[PDB]
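Shown next, in structure tokens, is the structure this report addresses.
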4 protein chains.
Amino acid sequence: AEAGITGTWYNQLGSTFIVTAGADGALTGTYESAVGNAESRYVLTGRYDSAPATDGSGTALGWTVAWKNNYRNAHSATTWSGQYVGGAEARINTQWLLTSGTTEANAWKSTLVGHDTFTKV
Amino acid sequence: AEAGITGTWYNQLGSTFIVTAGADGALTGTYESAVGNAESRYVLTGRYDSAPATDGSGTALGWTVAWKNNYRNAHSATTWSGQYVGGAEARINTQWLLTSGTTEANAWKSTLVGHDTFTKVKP
Amino acid sequence: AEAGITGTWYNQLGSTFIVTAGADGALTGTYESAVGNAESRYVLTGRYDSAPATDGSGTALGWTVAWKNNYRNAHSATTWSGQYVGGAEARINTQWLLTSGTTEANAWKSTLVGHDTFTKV
Amino acid sequence: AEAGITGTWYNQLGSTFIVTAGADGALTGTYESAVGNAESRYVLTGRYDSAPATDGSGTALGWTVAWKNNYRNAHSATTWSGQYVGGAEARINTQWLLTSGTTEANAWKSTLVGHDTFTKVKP
Ligand SMILES: O=C(O)CCCC[C@@H]1SC[C@@H]2NC(=O)N[C@@H]21
Ligand SMILES: O=C(O)CCCC[C@@H]1SC[C@@H]2NC(=O)N[C@@H]21
Ligand SMILES: O=C(O)CCCC[C@@H]1SC[C@@H]2NC(=O)N[C@@H]21
Ligand SMILES: O=C(O)CCCC[C@@H]1SC[C@@H]2NC(=O)N[C@@H]21
């Protein structure tokens, strides 16, 4: 795959993901979150496994965003792991982990988990 | 800090992580897994939040590895989210998500979750 | 809350969750999965926090299903953690962990994570 | 096995788990957390898969704790999913999900994820 991963996608919270997939598995772009201690665009970097497998499977991929930019520094980073499914309606179905930097004392509650579904709609 | 993160790290499974942290919050390197449908090294890219806080908080970061290289293609990708704690014995504590590409029907069992702790080797 | 948690709910995979909420926080019932190494009904037990909080929040709850019954024994168990939201369309939004029993060697890949949304529709 | 699981267990944070495993695959007991918006004991209910396999596999199980008792109401619930490994030093290795009740708008940050390892105390 790689196919139509490039583009501007949006998730159910109204966040915008603008990405470019390189033919060798790299993903680059920017992220703008509609929620959280975030504002404006953030740099993202990831990878996607091409050469996926005939049995109409999705393409595994993942990316990271460290929430620091020239506007805010939320001392956290999020990683999204999921797969791309194309067709008439293409989607990127993910599960993410958002880790904030804590002291040892609070390390037990440093990580949130959630799921996001992206479309070009 | 970039310097503290740059280096060779190993985790409890015997996997290897070689990374360099750029002043821009970038992370690039290779990962070698001791387990799984993997062989040789794989490229990794990630980011880390460059200006943490003062205090004794960890530095948040995350990176991704798509499990495809010249020797093998597992059709999966793993992302590690965690924090770096420097010091005499520095550690990177993480939780990860491993998604395999599946058909729509099997998408419910596409992701594995786990945690890994990495120890830095001297240098 | 507790309100209308009792009932028969269904999720996006077509699984059926039949539960009874006791006024003291207990949840009891049976589960039938439309997918996996499962067949017929399985016993479930859980808890839900009542006395929830005015700011129209959901009610936190969770439950477990060990996948052994008189038909199959899949040597695994799933726990769903989420919150109930009622109203005209009530839903139970969850994230689950499915752990299978492995040898130490395979312990690194014993746990799957996912999300299910239940409705009475 | 029911007998092996029944007992008092503690985890790395200093929390206490007292449980009894019924021959029907049931688990009942109390949990006391060393951290969080919690105080005193809380009731727990769960299940465990009674007939594991022969082999040196773990026994899968899980339990839930809603964080409400006579002294405090945190409006949250935690579920622990993991496996029991018996032996001279028995352990229960788990991963957990802690969901707080939120408004629809904040539902994206309602769940925390983590892992705990429990060690059995003699008796
Ligand atoms: O608050 C923070 O720490 C920074 C913003 C986090 C926004 C999160 S990342 C996962 C979820 N998906 C989104 O589009 N935004 C939230
Ligand atoms: O089997 C695969 O799909 C590729 C190899 C996965 C190895 C995983 S990623 C998380 C965990 N950490 C490691 O060091 N190895 C395993
Ligand atoms: O295959 C197994 O180990 C037993 C069946 C597991 C079915 C799972 S649990 C989470 C998800 N939600 C469902 O309704 N079914 C699957
Ligand atoms: O703060 C709350 O919402 C209630 C207390 C939560 C304590 C958690 S549950 C997971 C982890 N394991 C423990 O032993 N304590 C923390």
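Please treat every number below as a calculation from the coordinates, not as lab data. No Cβ is skipped: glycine too gets one built from the backbone with ideal geometry, and neighbour counts run over all protein chains shown.
Worth pointing out:
- Built amide H within the under 5 Å cut-off of C:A60, gap 5+: C:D49, C:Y84, D:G101
- Within straight-line reach of A:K68, meaning a Cα separation under 19 Å, sit the following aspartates and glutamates at least 8 residues removed in sequence or on another chain: A:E32, A:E39, B:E2, B:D24, B:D49, B:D55.
- With 27 Å as the limit on Cα-Cα distance, the pairs of B:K120/C:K109; B:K122/D:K109; A:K109/D:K68; B:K109/D:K109 that go past it are B:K122/D:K109.
- Cβ crowding within 10 Å ranks A:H75, B:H115 as B:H115, A:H75, fewest other Cβ atoms first.
- Pairwise Cα distances in the protein assembly as shown exceed 38 Å in 22 percent of cases.
- Most mobile listed residue (D:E104, D:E89, D:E39) in chain D, GNM with C-alpha springs under 10 Å: D:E104
- Distance-filtered residues of the stretch A:55-70 - backbone nitrogen under 17 Å, label point 7 angstrom along A:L13 Cα→Cβ: A:63-69
- Restricting the stretch D:39-123 to chymotrypsin sites (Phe, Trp or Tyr not before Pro) in coil, as DSSP defines it, with at most 10 other Cβ within 10 Å: D:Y71
- Point-to-point label distance, A:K109-D:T117, nm (Cα→Cβ direction, 7 Å offset): 2.5 nm
- FRET efficiency for B:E39 and C:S40, using Cβ-Cβ distance with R0 set to 45 Å, rounded to 0.05: 0.60
- Whole-number percent relative contact order across chain B, with pairs defined as alpha carbons under 8 Å at least 6 apart: 20 percent
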